[PDB]
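Only one chain comes next, encoded as structure tokens, the form deposited without the named molecule.
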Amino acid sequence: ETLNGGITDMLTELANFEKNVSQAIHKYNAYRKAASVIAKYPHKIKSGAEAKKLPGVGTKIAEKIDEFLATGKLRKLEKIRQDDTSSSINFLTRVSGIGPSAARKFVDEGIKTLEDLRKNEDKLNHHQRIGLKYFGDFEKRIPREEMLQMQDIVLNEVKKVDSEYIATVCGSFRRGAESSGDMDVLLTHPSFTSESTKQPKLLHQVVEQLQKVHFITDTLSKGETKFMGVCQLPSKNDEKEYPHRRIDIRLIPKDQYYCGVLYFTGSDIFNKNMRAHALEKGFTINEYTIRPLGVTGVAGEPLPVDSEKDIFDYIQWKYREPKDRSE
């Protein structure tokens, strides 16, 4: 956790690079298990040889660790942190809509920057375009003080369209958190579930409303059960307009809300622990359901949940307020 920190860090840099710049999924993946294992490792790695001793730890990595341990640096890391091409790719990638793949193409065409991008808006697709338009706004965290305003809006409009809708804003927003990265809304309705054959309107109706009133500004992606967009808290009495924010809306069959809801609320750490306990308690849990574990090895059969309560209860645990859902 700090005893093999550098090592794990460099290793991650390395891993990252393989995958983003070179295409080296293998390699990339190589650095990963490597960092994972050293990461758990209980002692002060004092040399390569020592490390090699670990699994996932081969000769090349060991080499690397030596140099790094031998000197505060590593040539290769040295070379990569410079290289404009490598740099460019890490940057282009910041645009929502541009992945590594794309980042590669673009550079090989000479687009290496923001201006490059504006100049070549033609080559970008709609998502990518938006991404570019809101480059700044998108990188700006979302303060709770805004979150609550947003939330206040979304829930009121959902309410109007149908009393039966049920919306929840998961995320750390839900776990307390002072600011957040984007707004995540879990959606359901009684008239939609597991078996119930579809109802796309269910999602589209709301989406519309939200744009009705202009809370929703652009559509990133809009499918039948997942909508990816851009919203914005109306600028008050003109002088201070708000940054454009990412927002997602997703339909969930009622029969599987809370697991989902539980799930999205995190933290990842909370999940796992709960997850493992469920396991002890003779259970199974994932995104959509909680199942009674048979002994034969495995087994299923969706236990029935009416709230986040039903779940814990099942695994016979202490109901946890979202705030304490931390780890």
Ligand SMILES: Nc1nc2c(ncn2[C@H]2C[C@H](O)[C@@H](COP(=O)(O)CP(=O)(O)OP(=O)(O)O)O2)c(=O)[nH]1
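For every residue, the number given is its place in the sequence shown, counted from 1. Basically, rigid core = biggest C-alpha set you can superpose within 1.5 Å across the two forms.
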Q: Go through the other compared entries with residues on either side of residue 197 and state whether a third or more give it no coordinates.
A: yes
Q | Of 302 to 310 and 6 to 14, the stretch whose C-alpha atoms average the higher B-factor in the entry | A | 302 to 310
Q: Tell me which of 33 to 41 and 263 to 271 has the higher mean C-alpha B-factor in the deposited entry.
A: 263 to 271
Q. Between 254, 105, 81, 141, which carries the biggest CA temperature factor in the record?
A. 81
Q: Among the candidates 232, 191, 225, 88, give the one with the maximum CA B-factor reported in the record.
A: 191
Q) Compared with the other modelled residues in the chain, in which third is the CA B-factor of residue 200? A) highest
Q: Quick one: classify residue 156 as lowest, middle or highest third of the chain based on its Cα B-factor.
A: middle
Q. If you rank every modelled residue in this chain by C-alpha B factor, which third holds residue 287: lowest, middle or highest?
A. highest
Q) In terms of the CA temperature factor given in the entry, to which third of its chain does residue 149 belong: lowest, middle or highest? A) middle
Q. Where does residue 206 sit by CA temperature factor within its chain: lowest, middle or highest third?
A. middle
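Although it is not shown, the form solved in complex with the named molecule is what the next lines describe.
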Q: Report yes if all three of 181, 263 and 267 come within 4.5 Å of the named molecule in the entry with it bound by some heavy atom, otherwise no.
A: yes
Q) So which of 172, 217, 151, 86 gets a non-hydrogen atom within 4.5 Å of the named molecule in the entry with it bound? A) 172
Q. Which residue among 236, 141, 204, 198 has a heavy atom within 4.5 angstroms of the named molecule in the entry with it bound?
A. 141
Q. Does residue 289 make contact with the named molecule in the entry with it bound, using a 4.5 Å heavy atom cut-off?
A. no
Q. Taking heavy atoms and a 4.5 Å cut-off, does residue 275 contact the named molecule in the entry with it bound?
A. yes
Q) Which single stretch, out of 237 to 245, 128 to 136, 173 to 181, 204 to 212, brings residue heavy atoms within 4.5 Å of the named molecule in the entry with it bound? A) 173 to 181
Q: Select from 228, 132, 77, 102 the only position whose Cα moves 2 Å or more between the shown form and the other one when the core is aligned.
A: 77
(Q) Would residue 197 count as moving between the shown form and the other one, using a Cα shift of 2 angstroms or more after superposing the core as the test? (A) yes
Q. Where do residue 271 and residue 225 end up in the entry with it bound, Cα atoms closer or farther than shown, with a change of 3 Å or more?
A. closer
